[PDB]
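Just one chain is shown here, as structure tokens, and it is the form deposited in one PDB entry.
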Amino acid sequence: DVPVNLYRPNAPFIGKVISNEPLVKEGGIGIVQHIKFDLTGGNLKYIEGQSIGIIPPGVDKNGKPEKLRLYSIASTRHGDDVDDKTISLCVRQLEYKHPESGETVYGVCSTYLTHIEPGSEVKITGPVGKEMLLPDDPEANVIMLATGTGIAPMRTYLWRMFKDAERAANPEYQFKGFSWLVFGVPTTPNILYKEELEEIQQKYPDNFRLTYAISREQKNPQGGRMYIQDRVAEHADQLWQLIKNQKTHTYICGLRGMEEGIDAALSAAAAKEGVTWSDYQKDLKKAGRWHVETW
């Protein structure tokens, strides 16, 4: 039984911030924070791949109360401390420039969150979502294609799969399949959770492969900046081969529009064996083995 909407916008759970730490190292672009909330006092439960809503304080330009913003859960069902008492988010502060203005605009909910102080009460809703769930089969293969904060659900899968404390807590899920994360960010300092991701690959070289697409530090064969679609094209045949397995699941998460280049690359690979990717993909989606969530 997948937990869903234990709390709703009309009566959200009031959680308390425990910690708020920077994920972007010096020399990186933008601000992305790892924020953990205390769930004690309530009955909010969740599983990997889901999201929760956050209702920021204040009113919008029209004087109306701000609505909730959804955020991908970044922690396993047990929380970062494996105590079933918390939940974490991976939040980027939205920033952009206005047309012919010159001044930076800051997102309401993301700025509120990235600068929130420990001890502060936060309105939480959810959890929600059933399209990014991880299979219970410990023999399944999991391809993870992420950009930016799209790394959030991937962290929940990878932690449950490879963290010592998680394995000790989940006797029913001892991952033995193969997982491959292709992560695209602009700089090395922007590689969210770099240290831990690399520790996992070192400990499980036969069960986890980590591939980076660093735009400001790498160039693709055509001379352009390296993006995730370039890495997918680079390993298109291998990825297609893994995708043909009845037990393989693929997850796409992050920047809206990242799907197009990925499909073009896989389409070229599948075509070599007389397969139309777009059609094969449709069946995968219907079977619940092709998961996508972008924003």
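Start at 1 and count along the sequence shown; that's the residue number.
One more form of this protein should be noted, the form solved in complex with a small molecule, which is absent from this view; the next part is about it.
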In the entry with it bound, is there a heavy atom of the small molecule that lies within 4.5 Å of any heavy atom of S75, even though the partner is absent here? no
So, in the entry with it bound, is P127 in contact with the small molecule at a 4.5 angstroms heavy atom limit? no
Using a 4.5 angstroms cut-off on non-hydrogen atoms, would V275 count as touching the small molecule in the entry with it bound? no
Though only this chain appears here, would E95 touch the small molecule in the entry with it bound if you measure heavy atom gaps against 4.5 Å? yes
Testing 156-164, 196-204, 75-83, 143-151 against the small molecule in the entry with it bound with a 4.5 Å heavy atom criterion leaves exactly one stretch, namely 143-151
Within 4.5 Å of the small molecule in the entry with it bound, heavy atoms considered, which of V122, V182, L134, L192? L192
For this chain shown on its own, do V24, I31 and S215 all sit within 4.5 Å of the small molecule in the entry with it bound, going by heavy atoms? yes
